[PDB]
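Enquirer: Just the first chains of my complex for now:
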Amino acid sequence: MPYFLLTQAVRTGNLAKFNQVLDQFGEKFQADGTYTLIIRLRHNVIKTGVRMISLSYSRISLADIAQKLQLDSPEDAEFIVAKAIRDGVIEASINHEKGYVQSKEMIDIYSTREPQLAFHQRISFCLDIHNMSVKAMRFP
């Protein structure tokens, strides 16, 4: 209940409820020992909204995202996405001509060694399960 109510307001872009959840359950959040969220969740809410847009959309204008994130400033919309690409929230690009924010390339996985990198982590790990299970089983 202090956490299902927490992740509800973290998911949406609502803050007045999120300040209500935090102020009401702040005594619980200090007692259990996780009061290191107070500085680390204002970053999360402002990056959740830009992550949801970049996952949904593919080519959005900076004026369109600035009004979508209730920010009322089309001059730091370039600054938010610049911090998003720098922190690695989404791989995108900003064309600083008229507001083009484009998405990635066409997704090809099975043709550029990517299944090999996932599988090579599996082969060497599961034979290590086998080598540990061989050197435990025999006794007199």
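Expert: Thanks, I have it. Residues are numbered from 1 along each chain as shown, chains lettered A, B, ... in the order given.
Enquirer: So residue A:78 versus residue A:48, what's the distance?
Expert: 19 Å (CB to CB, to the nearest Å). C-beta: built from backbone N, CA, C; applies to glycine.
Enquirer: One more: residue A:81?
Expert: Distance from residue A:81 to residue A:48, counting by CB to CB: 14 Å.
Enquirer: So for those two, which sits in the more crowded spot?
Expert: residue A:81 (22 against 16; other CB atoms under 10 Å).
Enquirer: secondary structure element for that one?
Expert: Here residue A:81, judged by DSSP states H and E, is contained in helix A:77-87.
Enquirer: Which residues does that helix contact?
Expert: The contact list for helix A:77-87, computed with CB atoms under 8 Å, 6 or more residues apart in numbering, reads A:46-47, A:50-51, A:54, A:62-63, A:65-66, A:69, A:71, A:90-94, A:96, A:101.
Enquirer: try it again with 10 Å
Expert: Residues outside helix A:77-87 that contact it (CB atoms under 10 Å, 6 or more residues apart in numbering) are A:43, A:46-47, A:49-51, A:53-54, A:60-69, A:71, A:73, A:76, A:89-94, A:96, A:99, A:101.
Enquirer: Please list only the buried members of these.
Expert: A:46-47, A:49-50, A:53-54, A:60, A:62, A:65-66, A:68-69, A:89-90, A:92, A:94, A:99, A:101 (16 or more other CB atoms under 10 Å).
Enquirer: Extend the structure above with chain B:
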Amino acid sequence: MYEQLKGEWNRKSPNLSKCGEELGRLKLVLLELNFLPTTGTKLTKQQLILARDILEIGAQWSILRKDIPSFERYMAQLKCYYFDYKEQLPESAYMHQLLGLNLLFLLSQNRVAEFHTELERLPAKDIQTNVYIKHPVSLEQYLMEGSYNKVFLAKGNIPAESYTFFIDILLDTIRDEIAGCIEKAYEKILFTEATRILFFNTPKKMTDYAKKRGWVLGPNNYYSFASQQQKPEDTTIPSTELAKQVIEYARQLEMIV
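Expert: Placed with the earlier chains, chain B looks like this:
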């Protein structure tokens, strides 16, 4: 013994003979007795009052004289003095000012890992009161949200001093990242893009980027150099290392023999 307690500190400190006399004062206190057991006995707590006071004024002298390796040095002497086993020695009013100087200096070093691991020794001194600690954690909150404008409007807002050596390193550690964020595959932009990405209406600062780096102002047009390479063609580097990965499988499908 009680040598130059409060000299020229209230008004100015232009002299450097004060520094060596304080240094001789830092000798004699450590020549008296060591602070290492630190159990009880208020008599030796009296010289712990004096030793922590002569370093806090030594920290104020160190930040005044533009000295970076000493300001971390005198603070580490004080922070090891705040680390006491049997903590006693009641509340000095310069403590909350001193941690604000350390934490803002740590924010200026680009130490985001050390910034948060320090913030445990203050239970409720971050939200209710103590604007000296509240001002960096409001500032760090501004860097994580993404509002550069809120950073510099609060730059002219300090409780005690001007925070001059702290904001200038803060001015340094932002713009190189802003220069690091704009040096990309971008070819050219006009002056009005550097009016928004960068700042003020034609200072000597754009000369500094023109004399150090490129960004040559020509016919009202900047020119940022940019290129890209091309590499999907190399199956050869996943030829050698894949042949190693396939054999080290078959090396290990046997050999516990």
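Enquirer: hmm, the helix holding residue A:81 touching chain B?
Expert: Yes: judged by CB under 10 Å from any CB of the partner chain, helix A:77-87 comes into contact with chain B through A:77, A:78, A:79, A:80, A:81, A:82, A:83, A:84, A:85, A:86, A:87.
Enquirer: most surrounded residue in those?
Expert: For the residues of helix A:77-87 next to chain B, the largest number of neighbours (other CB atoms under 10 Å in any protein chain shown) sits with residue A:77, at 25 neighbours.
Enquirer: Can you give me the end-to-end span of stretch B:6-16?
Expert: 15 Å (CA to CA, to the nearest Å).
Enquirer: How far does that stretch sit from its chain's centre?
Expert: 27 Å (CA atoms, centre = their mean, to the nearest Å).
Enquirer: swap in stretch B:236-247?
Expert: Distance of stretch B:236-247 from its chain centroid, counting by CA atoms, centre = their mean, is 45 Å.
Enquirer: And the contacts of that stretch?
Expert: A:113, A:116, A:117, A:120, A:123, A:124, B:231, B:235, B:251 (CB atoms under 10 Å, 6 or more residues apart in numbering or on different chains).
Enquirer: now stretch A:118-131
Expert: Contacts of stretch A:118-131 (CB under 10 Å, 6+ apart): A:109, A:113, B:242, B:245, B:246, B:248, B:249, B:252, B:253, B:255, B:256.
Enquirer: now the sequence for chain C, which goes on the structure above:
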Amino acid sequence: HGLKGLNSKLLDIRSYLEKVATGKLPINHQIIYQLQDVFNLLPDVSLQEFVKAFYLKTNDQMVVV
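Expert: Below, chain C sits with the chains from the block before:
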């Protein structure tokens, strides 16, 4: 040892070639074009004919192992 006989042939080709690049024994035109179609008929792996199609059977055989 399938490859130990490979370079033993390849050392033998240049040994006769440097013997005739010097010019001690006279040439045979018969072996020249018989050697020349070796070098302009080896494959060259560039793009979309190998690097696509090689992973299509390499990421295939990594599923069954």
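Enquirer: Re-run the earlier check on the contacts of stretch A:118-131 with chain C in the model.
Expert: A:109, A:113, B:242, B:245-246, B:248-249, B:252-253, B:255-256, C:59, C:61-63, C:65.
Enquirer: Looking at the residues you listed, which one is closest to residue B:32?
Expert: residue B:248 (65.0 Å; CB to CB).
Enquirer: secondary structure element for the closest residue to the closest one other than its chain neighbours?
Expert: The spatial neighbour of residue B:248 that comes closest, neighbours along the chain excluded (CB to CB, 6 or more residues apart in numbering or on different chains), is residue A:124 at 7.9 Å. Using DSSP H and E, residue A:124 maps to helix A:114-137.
Enquirer: The residue nearest to residue B:64 when sequence neighbours are not counted: what's it in contact with?
Expert: Once flanking residues are discounted, residue B:64 sits nearest to residue B:13: 6.7 Å by CB to CB, 6+ apart. If you count contacts by CB under 10 Å, 6+ apart, residue B:13 has them with B:7, B:19, B:57, B:60, B:61, B:64, B:65.
Enquirer: Spatially nearest residue to residue 35 (excluding sequence neighbours)?
Expert: By default, I'm working from chain A. Closest to residue A:35 by CB to CB, 6+ apart is residue A:29, at 5.3 Å.
Enquirer: ah, I was thinking of chain C
Expert: Residue C:35 sits nearest to residue C:13 (CB to CB, 6+ apart), 7.4 Å away.
Enquirer: how about the helices of chain A, start to end?
Expert: Remark: helices assigned in chain A by DSSP state H are A:4-11, A:16-24, A:26-31, A:42-56, A:62-68, A:77-87, A:114-137.
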